[PDB]
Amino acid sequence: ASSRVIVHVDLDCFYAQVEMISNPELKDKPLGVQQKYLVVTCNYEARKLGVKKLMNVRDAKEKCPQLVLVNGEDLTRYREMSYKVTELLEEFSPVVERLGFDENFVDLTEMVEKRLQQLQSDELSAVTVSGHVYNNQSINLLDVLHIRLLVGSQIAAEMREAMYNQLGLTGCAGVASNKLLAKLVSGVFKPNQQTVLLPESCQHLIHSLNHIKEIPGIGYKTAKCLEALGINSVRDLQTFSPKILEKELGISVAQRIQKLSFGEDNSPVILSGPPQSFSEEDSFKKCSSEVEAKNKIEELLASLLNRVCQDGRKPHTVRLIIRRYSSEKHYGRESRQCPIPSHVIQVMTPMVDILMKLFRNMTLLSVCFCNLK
């Protein structure tokens, strides 16, 4: 119960794929998917012309006039397709973990060992890789770890083939020995490809990063703090004092990210299962009067109500969120959670009023249904 074979699956310009399947006349034309004043993602044709993900509509059109834009504010179809992807991967090995709507981790460890046991002592000398080998590293067929990771790259290919045959979707996969590594190496060959990481090339991968923010687990905030201390490269963090970090991010944040800086990550692939929340949201820049915008609240509800129904499980808690108009404190959301009366769990009319009392205890609005059962 030590070495693992993990796969990280990450789809190509996800929203844009879904749009392109829904409207075929959009293929081979450069496409962006817009959400308010943001081109949240664009297809590969668009990326060729300079359009970057998360670019404002102004810079996307003055970097590419030639640019088709569809609105992706309503995540319904992306959500449905997201679950069809995860369910398919569930069929290969039941323990699948989602990250966002288009990334899935799967622990292939038991499956690999089952395929290996099936192989007589002979054809195993013919075990080949499927896809790229990170850093063009050589394979050693006598190395049991190389063998498992190559069998791991074959499961990956089959997964990708299925995703395409069954759902029409393309994507990348990366096979490695932990979650961190698999995710980092799934991006090396970007458009519709897969890469596998042999142990000997772990340090090469980790050091190919240019900023420690590029490590999954280190975000906007810990990154800024790491800098204030002179830690900029992955090596800086590697070599930085445990005690000084221990004592400035907390032993938790610190002993963990330091492991990450070496490529070490023991966190298991967890079964995501059904969602732990359903929320809808809406932006508008200081468009909220201050109760001419309960109407906004009835919209979000109409939608959600229907959704949360579909699943079967009912939420036992409601939440409203907000934010207010100023000089780039951006960071600031507020909420009031409240339990959902046992009576209404089986419609609109009373819901509205709960959220409203909740409003009163209190740039943009949203409603979460959590604690599902």
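Take the two forms, find the largest set of C-alpha atoms that superpose within 1.5 Å, and that set is the rigid core. In case it trips you up, residue 1 is the first one in the sequence shown, and so on.
Asker: Looking at C-alpha RMS in 9 other deposited structures of this protein with the core superposed, is it 293-301 or 193-201 that drifts more?
Answerer: Taking the RMS over all superposed structures in 9 other deposited structures of this protein, 293-301 lies farther out.
Asker: Please tell me which region, 281-289 or 254-262, has C-alphas lying farther from the displayed form on average in 9 other deposited structures of this protein, with superposition done on the core.
Answerer: Larger mean C-alpha displacement, comparing 281-289 and 254-262 in 9 other deposited structures of this protein, is found in 281-289.
Asker: Can you check if, in at least a third of the other PDB entries compared, residue 66 has no modelled coordinates?
Answerer: That residue is present in all of the other compared entries.
Asker: Hey, does residue 333 drop out of the model in a third or more of the other PDB entries compared here?
Answerer: Across the other compared entries, residue 333 is absent from none.
Asker: Residues with no coordinates between residue 327 and residue 328 in the deposited sequence, how many: none, 1 to 3, 4 to 9, or 10 or more?
Answerer: Per the deposited record, the segment joining residue 327 and residue 328 has no missing residues.
Asker: Please count the deposited residues lying between residue 362 and residue 363 that the model leaves without coordinates, and give the class: none, 1 to 3, 4 to 9, or 10 or more.
Answerer: Unmodelled stretch: 4 to 9 residues.
Asker: Would 200-208 or 249-257 have the larger average of its C-alpha temperature factors, as given in the entry?
Answerer: The entry gives the higher C-alpha B-factor average to 249-257.
Asker: Mean Cα B factor from the PDB record: higher for 166-174, or higher for 222-230?
Answerer: Looking at the recorded C-alpha B-factors, 222-230 comes out higher on average.
Asker: Based on what the PDB entry reports, which of 123, 103, 107, 74 has the top C-alpha B-factor?
Answerer: The listed residue with the largest C-alpha B-factor is 123.
Asker: Which third of the chain does residue 285 land in by C-alpha B-factor: lowest, middle or highest?
Answerer: Top third by C-alpha B-factor.
Asker: Place residue 358 in the lowest, middle or highest third of its chain's C-alpha B-factors, as listed in the PDB entry.
Answerer: Within its chain, residue 358 is a highest-third residue by C-alpha B-factor, going by the deposited values.
Asker: Could you say whether, by C-alpha temperature factor, residue 194 belongs to the lowest, middle or highest third of its chain?
Answerer: For residue 194, the deposited C-alpha B-factor lands in the lowest third.
Asker: Classify residue 1 as lowest, middle or highest third according to the C-alpha B-factor given in the PDB entry, relative to its own chain.
Answerer: Highest third - that is where residue 1 ends up once the chain's C-alpha B-factors are sorted.
Asker: Consider only the C-alpha atoms of the modelled residues in this chain, order them by B-factor as the entry records it, and name the third containing residue 129: lowest, middle or highest.
Answerer: Its C-alpha B-factor, which the entry lists for residue 129, ranks in the lowest third among residues of this chain.
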